[PDB]
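Next comes upload_7.cif, with mmCIF, N, CA and C atoms.
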data_protein
loop_
_atom_site.group_PDB
_atom_site.id
_atom_site.type_symbol
_atom_site.label_atom_id
_atom_site.label_comp_id
_atom_site.auth_asym_id
_atom_site.auth_seq_id
_atom_site.Cartn_x
_atom_site.Cartn_y
_atom_site.Cartn_z
ATOM 1 N N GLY A 1 -51.153 23.085 8.124
ATOM 2 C CA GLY A 1 -51.525 21.687 8.483
ATOM 3 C C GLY A 1 -52.777 21.701 9.348
ATOM 4 N N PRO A 2 -53.401 20.569 9.501
ATOM 5 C CA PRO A 2 -54.645 20.431 10.319
ATOM 6 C C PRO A 2 -54.424 20.844 11.773
ATOM 7 N N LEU A 3 -55.446 21.444 12.374
ATOM 8 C CA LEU A 3 -55.356 21.881 13.762
ATOM 9 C C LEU A 3 -55.135 20.687 14.686
ATOM 10 N N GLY A 4 -55.839 19.594 14.408
ATOM 11 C CA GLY A 4 -55.714 18.391 15.222
ATOM 12 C C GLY A 4 -56.825 18.316 16.262
ATOM 13 N N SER A 5 -57.803 19.208 16.143
ATOM 14 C CA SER A 5 -58.920 19.232 17.080
ATOM 15 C C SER A 5 -59.710 17.928 17.010
ATOM 16 N N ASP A 6 -59.908 17.428 15.795
ATOM 17 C CA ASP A 6 -60.648 16.186 15.600
ATOM 18 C C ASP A 6 -59.691 15.015 15.406
ATOM 19 N N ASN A 7 -58.420 15.238 15.719
ATOM 20 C CA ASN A 7 -57.414 14.195 15.573
ATOM 21 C C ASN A 7 -57.853 12.922 16.288
ATOM 22 N N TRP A 8 -58.918 13.029 17.068
ATOM 23 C CA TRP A 8 -59.438 11.878 17.800
ATOM 24 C C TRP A 8 -60.611 11.253 17.056
ATOM 25 N N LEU A 9 -61.407 12.095 16.406
ATOM 26 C CA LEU A 9 -62.557 11.612 15.654
ATOM 27 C C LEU A 9 -62.104 10.809 14.438
ATOM 28 N N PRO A 10 -62.640 9.629 14.271
ATOM 29 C CA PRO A 10 -62.304 8.741 13.122
ATOM 30 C C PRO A 10 -62.972 9.198 11.830
ATOM 31 N N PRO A 11 -62.617 8.588 10.732
ATOM 32 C CA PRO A 11 -63.183 8.935 9.394
ATOM 33 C C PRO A 11 -64.709 8.912 9.398
ATOM 34 N N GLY A 12 -65.282 8.025 10.206
ATOM 35 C CA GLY A 12 -66.735 7.914 10.298
ATOM 36 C C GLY A 12 -67.349 9.208 10.823
ATOM 37 N N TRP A 13 -66.680 9.822 11.793
ATOM 38 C CA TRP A 13 -67.168 11.065 12.378
ATOM 39 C C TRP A 13 -66.853 12.248 11.470
ATOM 40 N N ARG A 14 -67.804 13.167 11.353
ATOM 41 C CA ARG A 14 -67.618 14.349 10.519
ATOM 42 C C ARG A 14 -67.668 15.616 11.363
ATOM 43 N N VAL A 15 -66.822 16.581 11.022
ATOM 44 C CA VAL A 15 -66.768 17.840 11.757
ATOM 45 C C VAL A 15 -67.138 19.006 10.846
ATOM 46 N N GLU A 16 -67.940 19.926 11.370
ATOM 47 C CA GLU A 16 -68.368 21.088 10.597
ATOM 48 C C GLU A 16 -68.120 22.377 11.374
ATOM 49 N N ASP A 17 -67.583 23.383 10.689
ATOM 50 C CA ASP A 17 -67.300 24.660 11.331
ATOM 51 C C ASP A 17 -68.570 25.501 11.433
ATOM 52 N N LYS A 18 -68.835 26.019 12.626
ATOM 53 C CA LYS A 18 -70.010 26.847 12.849
ATOM 54 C C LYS A 18 -69.666 28.048 13.727
ATOM 55 N N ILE A 19 -69.771 29.243 13.156
ATOM 56 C CA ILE A 19 -69.470 30.464 13.895
ATOM 57 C C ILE A 19 -70.547 30.737 14.940
ATOM 58 N N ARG A 20 -70.140 31.309 16.069
ATOM 59 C CA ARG A 20 -71.079 31.609 17.143
ATOM 60 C C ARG A 20 -72.272 32.394 16.607
ATOM 61 N N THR A 21 -73.464 32.043 17.079
ATOM 62 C CA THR A 21 -74.680 32.717 16.639
ATOM 63 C C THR A 21 -74.976 33.923 17.524
ATOM 64 N N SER A 22 -74.272 34.010 18.647
ATOM 65 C CA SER A 22 -74.462 35.119 19.575
ATOM 66 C C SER A 22 -74.093 36.440 18.911
ATOM 67 N N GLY A 23 -74.237 37.532 19.654
ATOM 68 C CA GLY A 23 -73.916 38.853 19.124
ATOM 69 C C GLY A 23 -73.106 39.660 20.130
ATOM 70 N N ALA A 24 -73.522 39.613 21.392
ATOM 71 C CA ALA A 24 -72.827 40.351 22.442
ATOM 72 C C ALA A 24 -71.388 39.862 22.582
ATOM 73 N N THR A 25 -71.210 38.546 22.542
ATOM 74 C CA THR A 25 -69.880 37.960 22.665
ATOM 75 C C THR A 25 -69.540 37.135 21.427
ATOM 76 N N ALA A 26 -70.376 37.243 20.403
ATOM 77 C CA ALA A 26 -70.159 36.500 19.168
ATOM 78 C C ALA A 26 -68.825 36.886 18.540
ATOM 79 N N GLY A 27 -68.432 36.154 17.503
ATOM 80 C CA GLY A 27 -67.170 36.423 16.825
ATOM 81 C C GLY A 27 -66.202 35.255 16.981
ATOM 82 N N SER A 28 -66.623 34.240 17.729
ATOM 83 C CA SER A 28 -65.791 33.059 17.938
ATOM 84 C C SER A 28 -66.087 32.003 16.879
ATOM 85 N N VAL A 29 -65.736 30.759 17.180
ATOM 86 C CA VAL A 29 -65.974 29.661 16.248
ATOM 87 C C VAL A 29 -66.127 28.344 17.004
ATOM 88 N N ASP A 30 -67.143 27.570 16.636
ATOM 89 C CA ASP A 30 -67.389 26.286 17.284
ATOM 90 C C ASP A 30 -67.687 25.210 16.245
ATOM 91 N N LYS A 31 -66.921 24.128 16.285
ATOM 92 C CA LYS A 31 -67.108 23.033 15.340
ATOM 93 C C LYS A 31 -68.103 22.012 15.888
ATOM 94 N N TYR A 32 -68.801 21.332 14.986
ATOM 95 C CA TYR A 32 -69.778 20.324 15.383
ATOM 96 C C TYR A 32 -69.367 18.946 14.880
ATOM 97 N N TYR A 33 -69.837 17.903 15.562
ATOM 98 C CA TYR A 33 -69.498 16.540 15.172
ATOM 99 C C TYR A 33 -70.761 15.768 14.805
ATOM 100 N N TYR A 34 -70.769 15.189 13.610
ATOM 101 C CA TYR A 34 -71.921 14.425 13.145
ATOM 102 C C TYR A 34 -71.591 12.937 13.065
ATOM 103 N N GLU A 35 -72.486 12.110 13.593
ATOM 104 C CA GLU A 35 -72.287 10.667 13.573
ATOM 105 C C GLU A 35 -73.262 10.015 12.601
ATOM 106 N N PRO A 36 -72.761 9.538 11.492
ATOM 107 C CA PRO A 36 -73.595 8.889 10.439
ATOM 108 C C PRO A 36 -74.225 7.587 10.925
ATOM 109 N N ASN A 37 -73.645 7.006 11.972
ATOM 110 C CA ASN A 37 -74.161 5.752 12.510
ATOM 111 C C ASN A 37 -75.610 5.919 12.951
ATOM 112 N N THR A 38 -75.872 6.961 13.734
ATOM 113 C CA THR A 38 -77.228 7.224 14.206
ATOM 114 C C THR A 38 -77.681 8.612 13.764
ATOM 115 N N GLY A 39 -76.780 9.339 13.114
ATOM 116 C CA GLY A 39 -77.095 10.687 12.642
ATOM 117 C C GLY A 39 -77.078 11.686 13.794
ATOM 118 N N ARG A 40 -76.373 11.333 14.862
ATOM 119 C CA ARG A 40 -76.286 12.202 16.034
ATOM 120 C C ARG A 40 -75.233 13.283 15.822
ATOM 121 N N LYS A 41 -75.482 14.467 16.369
ATOM 122 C CA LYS A 41 -74.545 15.574 16.225
ATOM 123 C C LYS A 41 -74.156 16.130 17.593
ATOM 124 N N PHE A 42 -72.947 16.674 17.685
ATOM 125 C CA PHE A 42 -72.466 17.243 18.939
ATOM 126 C C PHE A 42 -71.902 18.640 18.708
ATOM 127 N N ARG A 43 -71.980 19.485 19.733
ATOM 128 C CA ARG A 43 -71.480 20.849 19.623
ATOM 129 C C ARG A 43 -70.070 20.954 20.196
ATOM 130 N N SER A 44 -69.803 20.180 21.242
ATOM 131 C CA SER A 44 -68.493 20.202 21.878
ATOM 132 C C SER A 44 -67.938 18.785 22.016
ATOM 133 N N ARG A 45 -66.615 18.671 21.972
ATOM 134 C CA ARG A 45 -65.966 17.372 22.095
ATOM 135 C C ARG A 45 -66.404 16.685 23.382
ATOM 136 N N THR A 46 -66.556 17.467 24.447
ATOM 137 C CA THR A 46 -66.965 16.917 25.733
ATOM 138 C C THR A 46 -68.256 16.120 25.579
ATOM 139 N N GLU A 47 -69.203 16.665 24.820
ATOM 140 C CA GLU A 47 -70.467 15.978 24.590
ATOM 141 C C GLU A 47 -70.234 14.663 23.850
ATOM 142 N N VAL A 48 -69.343 14.697 22.863
ATOM 143 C CA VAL A 48 -69.032 13.497 22.090
ATOM 144 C C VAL A 48 -68.346 12.461 22.975
ATOM 145 N N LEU A 49 -67.426 12.929 23.813
ATOM 146 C CA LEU A 49 -66.690 12.033 24.703
ATOM 147 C C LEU A 49 -67.650 11.309 25.639
ATOM 148 N N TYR A 50 -68.649 12.032 26.133
ATOM 149 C CA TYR A 50 -69.638 11.438 27.029
ATOM 150 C C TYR A 50 -70.466 10.382 26.300
ATOM 151 N N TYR A 51 -70.878 10.703 25.080
ATOM 152 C CA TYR A 51 -71.661 9.770 24.277
ATOM 153 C C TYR A 51 -70.855 8.510 23.973
ATOM 154 N N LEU A 52 -69.617 8.706 23.518
ATOM 155 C CA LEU A 52 -68.751 7.584 23.181
ATOM 156 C C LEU A 52 -68.498 6.714 24.407
ATOM 157 N N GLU A 53 -68.305 7.355 25.557
ATOM 158 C CA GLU A 53 -68.048 6.617 26.789
ATOM 159 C C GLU A 53 -69.195 5.660 27.087
ATOM 160 N N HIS A 54 -70.421 6.168 27.027
ATOM 161 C CA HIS A 54 -71.591 5.339 27.288
ATOM 162 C C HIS A 54 -71.882 4.444 26.087
ATOM 163 N N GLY A 55 -71.284 4.779 24.946
ATOM 164 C CA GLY A 55 -71.484 3.997 23.730
ATOM 165 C C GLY A 55 -72.879 4.230 23.160
ATOM 166 N N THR A 56 -73.522 5.303 23.608
ATOM 167 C CA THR A 56 -74.868 5.623 23.142
ATOM 168 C C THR A 56 -75.460 6.771 23.953
ATOM 169 N N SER A 57 -76.491 7.406 23.407
ATOM 170 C CA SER A 57 -77.134 8.522 24.090
ATOM 171 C C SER A 57 -77.724 8.067 25.422
ATOM 172 N N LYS A 58 -78.413 6.930 25.401
ATOM 173 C CA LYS A 58 -79.021 6.396 26.614
ATOM 174 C C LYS A 58 -79.784 7.487 27.355
ATOM 175 N N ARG A 59 -80.444 8.359 26.600
ATOM 176 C CA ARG A 59 -81.207 9.448 27.198
ATOM 177 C C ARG A 59 -82.407 8.905 27.966
ATOM 178 N N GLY A 60 -82.550 9.338 29.215
ATOM 179 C CA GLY A 60 -83.660 8.889 30.046
ATOM 180 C C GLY A 60 -84.195 10.032 30.901
ATOM 181 N N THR A 61 -84.840 9.684 32.010
ATOM 182 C CA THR A 61 -85.391 10.694 32.908
ATOM 183 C C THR A 61 -84.902 10.461 34.334
ATOM 184 N N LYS A 62 -84.868 11.530 35.124
ATOM 185 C CA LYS A 62 -84.419 11.431 36.509
ATOM 186 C C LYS A 62 -85.174 12.420 37.390
ATOM 187 N N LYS A 63 -86.190 13.053 36.819
ATOM 188 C CA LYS A 63 -86.986 14.026 37.558
ATOM 189 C C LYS A 63 -88.074 13.327 38.368
ATOM 190 N N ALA A 64 -88.529 13.984 39.429
ATOM 191 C CA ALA A 64 -89.573 13.421 40.277
ATOM 192 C C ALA A 64 -90.860 13.225 39.481
ATOM 193 N N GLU A 65 -91.775 12.433 40.028
ATOM 194 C CA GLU A 65 -93.038 12.159 39.350
ATOM 195 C C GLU A 65 -93.814 13.452 39.122
ATOM 196 N N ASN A 66 -93.787 14.337 40.112
ATOM 197 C CA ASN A 66 -94.488 15.611 39.997
ATOM 198 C C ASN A 66 -95.944 15.390 39.602
ATOM 199 N N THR A 67 -96.630 14.527 40.343
ATOM 200 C CA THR A 67 -98.029 14.233 40.053
ATOM 201 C C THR A 67 -98.836 14.146 41.345
ATOM 202 N N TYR A 68 -100.116 14.494 41.261
ATOM 203 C CA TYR A 68 -100.987 14.455 42.430
ATOM 204 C C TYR A 68 -101.618 13.075 42.582
#

Take the structure in the file and give it back as structure tokens.
Amino acid sequence: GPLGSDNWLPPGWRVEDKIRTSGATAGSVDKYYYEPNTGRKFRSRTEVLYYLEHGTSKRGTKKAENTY
């Protein structure tokens, strides 16, 4: 039966299996989440949860001006 890892992700959300690209500690497995709504993808559920919470990426800046 299904693992239930994406038991939270709806039909709209898609999950893809991706094996670790590392080598020293590689050998694991990490699934990704793709959102057809905006075509956004996530590597970990935590990232998806954060996006869903804000209801959008809302990516901005918070670094100092760093200008003379």

Leaving out range 6-19 of chain A and any residue of its chain fewer than 2 positions from it, which residues lie within 10 Å of it when counting only C-alpha atoms, given as a PDB file with N, CA and C atoms, in the frame of the given file?
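The result, written out as result-v4.pdb:
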ATOM      1  N   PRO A   2     -53.401  20.569   9.501  1.00  0.00           N
ATOM      2  CA  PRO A   2     -54.645  20.431  10.319  1.00  0.00           C
ATOM      3  C   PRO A   2     -54.424  20.844  11.773  1.00  0.00           C
ATOM      4  N   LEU A   3     -55.446  21.444  12.374  1.00  0.00           N
ATOM      5  CA  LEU A   3     -55.356  21.881  13.762  1.00  0.00           C
ATOM      6  C   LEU A   3     -55.135  20.687  14.686  1.00  0.00           C
ATOM      7  N   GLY A   4     -55.839  19.594  14.408  1.00  0.00           N
ATOM      8  CA  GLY A   4     -55.714  18.391  15.222  1.00  0.00           C
ATOM      9  C   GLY A   4     -56.825  18.316  16.262  1.00  0.00           C
ATOM     10  N   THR A  21     -73.464  32.043  17.079  1.00  0.00           N
ATOM     11  CA  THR A  21     -74.680  32.717  16.639  1.00  0.00           C
ATOM     12  C   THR A  21     -74.976  33.923  17.524  1.00  0.00           C
ATOM     13  N   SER A  22     -74.272  34.010  18.647  1.00  0.00           N
ATOM     14  CA  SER A  22     -74.462  35.119  19.575  1.00  0.00           C
ATOM     15  C   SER A  22     -74.093  36.440  18.911  1.00  0.00           C
ATOM     16  N   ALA A  26     -70.376  37.243  20.403  1.00  0.00           N
ATOM     17  CA  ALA A  26     -70.159  36.500  19.168  1.00  0.00           C
ATOM     18  C   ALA A  26     -68.825  36.886  18.540  1.00  0.00           C
ATOM     19  N   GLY A  27     -68.432  36.154  17.503  1.00  0.00           N
ATOM     20  CA  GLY A  27     -67.170  36.423  16.825  1.00  0.00           C
ATOM     21  C   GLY A  27     -66.202  35.255  16.981  1.00  0.00           C
ATOM     22  N   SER A  28     -66.623  34.240  17.729  1.00  0.00           N
ATOM     23  CA  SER A  28     -65.791  33.059  17.938  1.00  0.00           C
ATOM     24  C   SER A  28     -66.087  32.003  16.879  1.00  0.00           C
ATOM     25  N   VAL A  29     -65.736  30.759  17.180  1.00  0.00           N
ATOM     26  CA  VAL A  29     -65.974  29.661  16.248  1.00  0.00           C
ATOM     27  C   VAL A  29     -66.127  28.344  17.004  1.00  0.00           C
ATOM     28  N   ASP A  30     -67.143  27.570  16.636  1.00  0.00           N
ATOM     29  CA  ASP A  30     -67.389  26.286  17.284  1.00  0.00           C
ATOM     30  C   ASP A  30     -67.687  25.210  16.245  1.00  0.00           C
ATOM     31  N   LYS A  31     -66.921  24.128  16.285  1.00  0.00           N
ATOM     32  CA  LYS A  31     -67.108  23.033  15.340  1.00  0.00           C
ATOM     33  C   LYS A  31     -68.103  22.012  15.888  1.00  0.00           C
ATOM     34  N   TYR A  32     -68.801  21.332  14.986  1.00  0.00           N
ATOM     35  CA  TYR A  32     -69.778  20.324  15.383  1.00  0.00           C
ATOM     36  C   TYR A  32     -69.367  18.946  14.880  1.00  0.00           C
ATOM     37  N   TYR A  33     -69.837  17.903  15.562  1.00  0.00           N
ATOM     38  CA  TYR A  33     -69.498  16.540  15.172  1.00  0.00           C
ATOM     39  C   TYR A  33     -70.761  15.768  14.805  1.00  0.00           C
ATOM     40  N   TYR A  34     -70.769  15.189  13.610  1.00  0.00           N
ATOM     41  CA  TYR A  34     -71.921  14.425  13.145  1.00  0.00           C
ATOM     42  C   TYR A  34     -71.591  12.937  13.065  1.00  0.00           C
ATOM     43  N   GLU A  35     -72.486  12.110  13.593  1.00  0.00           N
ATOM     44  CA  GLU A  35     -72.287  10.667  13.573  1.00  0.00           C
ATOM     45  C   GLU A  35     -73.262  10.015  12.601  1.00  0.00           C
ATOM     46  N   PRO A  36     -72.761   9.538  11.492  1.00  0.00           N
ATOM     47  CA  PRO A  36     -73.595   8.889  10.439  1.00  0.00           C
ATOM     48  C   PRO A  36     -74.225   7.587  10.925  1.00  0.00           C
ATOM     49  N   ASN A  37     -73.645   7.006  11.972  1.00  0.00           N
ATOM     50  CA  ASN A  37     -74.161   5.752  12.510  1.00  0.00           C
ATOM     51  C   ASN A  37     -75.610   5.919  12.951  1.00  0.00           C
ATOM     52  N   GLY A  39     -76.780   9.339  13.114  1.00  0.00           N
ATOM     53  CA  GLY A  39     -77.095  10.687  12.642  1.00  0.00           C
ATOM     54  C   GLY A  39     -77.078  11.686  13.794  1.00  0.00           C
ATOM     55  N   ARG A  40     -76.373  11.333  14.862  1.00  0.00           N
ATOM     56  CA  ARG A  40     -76.286  12.202  16.034  1.00  0.00           C
ATOM     57  C   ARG A  40     -75.233  13.283  15.822  1.00  0.00           C
ATOM     58  N   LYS A  41     -75.482  14.467  16.369  1.00  0.00           N
ATOM     59  CA  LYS A  41     -74.545  15.574  16.225  1.00  0.00           C
ATOM     60  C   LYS A  41     -74.156  16.130  17.593  1.00  0.00           C
ATOM     61  N   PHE A  42     -72.947  16.674  17.685  1.00  0.00           N
ATOM     62  CA  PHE A  42     -72.466  17.243  18.939  1.00  0.00           C
ATOM     63  C   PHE A  42     -71.902  18.640  18.708  1.00  0.00           C
ATOM     64  N   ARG A  43     -71.980  19.485  19.733  1.00  0.00           N
ATOM     65  CA  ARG A  43     -71.480  20.849  19.623  1.00  0.00           C
ATOM     66  C   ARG A  43     -70.070  20.954  20.196  1.00  0.00           C
ATOM     67  N   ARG A  45     -66.615  18.671  21.972  1.00  0.00           N
ATOM     68  CA  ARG A  45     -65.966  17.372  22.095  1.00  0.00           C
ATOM     69  C   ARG A  45     -66.404  16.685  23.382  1.00  0.00           C
ATOM     70  N   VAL A  48     -69.343  14.697  22.863  1.00  0.00           N
ATOM     71  CA  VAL A  48     -69.032  13.497  22.090  1.00  0.00           C
ATOM     72  C   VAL A  48     -68.346  12.461  22.975  1.00  0.00           C
ATOM     73  N   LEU A  49     -67.426  12.929  23.813  1.00  0.00           N
ATOM     74  CA  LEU A  49     -66.690  12.033  24.703  1.00  0.00           C
ATOM     75  C   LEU A  49     -67.650  11.309  25.639  1.00  0.00           C
TER      76      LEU A  49
END

Kindly provide, as AutoDock Vina command-line options, the centre and edge lengths (Å, one decimal) of an axis-aligned box around all atoms of range 4-7 of chain A given in the file, with 6 Å on each side.
--center_x -58.2 --center_y 16.3 --center_z 15.7 --size_x 16.9 --size_y 18.7 --size_z 14.7

Note to self: Can you measure CA of residue 60 in chain A to atom C of residue 5 in chain A for me? One decimal in Å is fine.
What the structure shows: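 Between these atoms lies a distance of 28.7 Å.
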
Notebook entry, point to check: Taking the backbone alone, and naming residues the way the document does, which bits of range 2-68 of chain A are helix (DSSP H, G or I) by DSSP, as an MDAnalysis selection string?
Noted result: chainID A and resid 45:54

Writing out the chosen residues with N, CA and C atoms as a PDB file, in the frame of the given file:
ATOM      1  N   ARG A  45     -66.615  18.671  21.972  1.00  0.00           N
ATOM      2  CA  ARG A  45     -65.966  17.372  22.095  1.00  0.00           C
ATOM      3  C   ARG A  45     -66.404  16.685  23.382  1.00  0.00           C
ATOM      4  N   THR A  46     -66.556  17.467  24.447  1.00  0.00           N
ATOM      5  CA  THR A  46     -66.965  16.917  25.733  1.00  0.00           C
ATOM      6  C   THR A  46     -68.256  16.120  25.579  1.00  0.00           C
ATOM      7  N   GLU A  47     -69.203  16.665  24.820  1.00  0.00           N
ATOM      8  CA  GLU A  47     -70.467  15.978  24.590  1.00  0.00           C
ATOM      9  C   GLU A  47     -70.234  14.663  23.850  1.00  0.00           C
ATOM     10  N   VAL A  48     -69.343  14.697  22.863  1.00  0.00           N
ATOM     11  CA  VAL A  48     -69.032  13.497  22.090  1.00  0.00           C
ATOM     12  C   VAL A  48     -68.346  12.461  22.975  1.00  0.00           C
ATOM     13  N   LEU A  49     -67.426  12.929  23.813  1.00  0.00           N
ATOM     14  CA  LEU A  49     -66.690  12.033  24.703  1.00  0.00           C
ATOM     15  C   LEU A  49     -67.650  11.309  25.639  1.00  0.00           C
ATOM     16  N   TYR A  50     -68.649  12.032  26.133  1.00  0.00           N
ATOM     17  CA  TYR A  50     -69.638  11.438  27.029  1.00  0.00           C
ATOM     18  C   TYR A  50     -70.466  10.382  26.300  1.00  0.00           C
ATOM     19  N   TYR A  51     -70.878  10.703  25.080  1.00  0.00           N
ATOM     20  CA  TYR A  51     -71.661   9.770  24.277  1.00  0.00           C
ATOM     21  C   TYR A  51     -70.855   8.510  23.973  1.00  0.00           C
ATOM     22  N   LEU A  52     -69.617   8.706  23.518  1.00  0.00           N
ATOM     23  CA  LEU A  52     -68.751   7.584  23.181  1.00  0.00           C
ATOM     24  C   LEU A  52     -68.498   6.714  24.407  1.00  0.00           C
ATOM     25  N   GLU A  53     -68.305   7.355  25.557  1.00  0.00           N
ATOM     26  CA  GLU A  53     -68.048   6.617  26.789  1.00  0.00           C
ATOM     27  C   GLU A  53     -69.195   5.660  27.087  1.00  0.00           C
ATOM     28  N   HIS A  54     -70.421   6.168  27.027  1.00  0.00           N
ATOM     29  CA  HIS A  54     -71.591   5.339  27.288  1.00  0.00           C
ATOM     30  C   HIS A  54     -71.882   4.444  26.087  1.00  0.00           C
TER      31      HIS A  54
END

Item checked: Separation of CA of residue 38 in chain A from CA of residue 61 in chain A in Å ->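 Taking CA of residue 61 in chain A and CA of residue 38 in chain A, their separation equals 20.7 Å.
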
Next item on the list: Could you pull out the residues in chain A that DSSP calls strand (DSSP E) from the backbone, as a PyMOL selection string?
Entry: chain A and resi 14-19+29-35+40-42
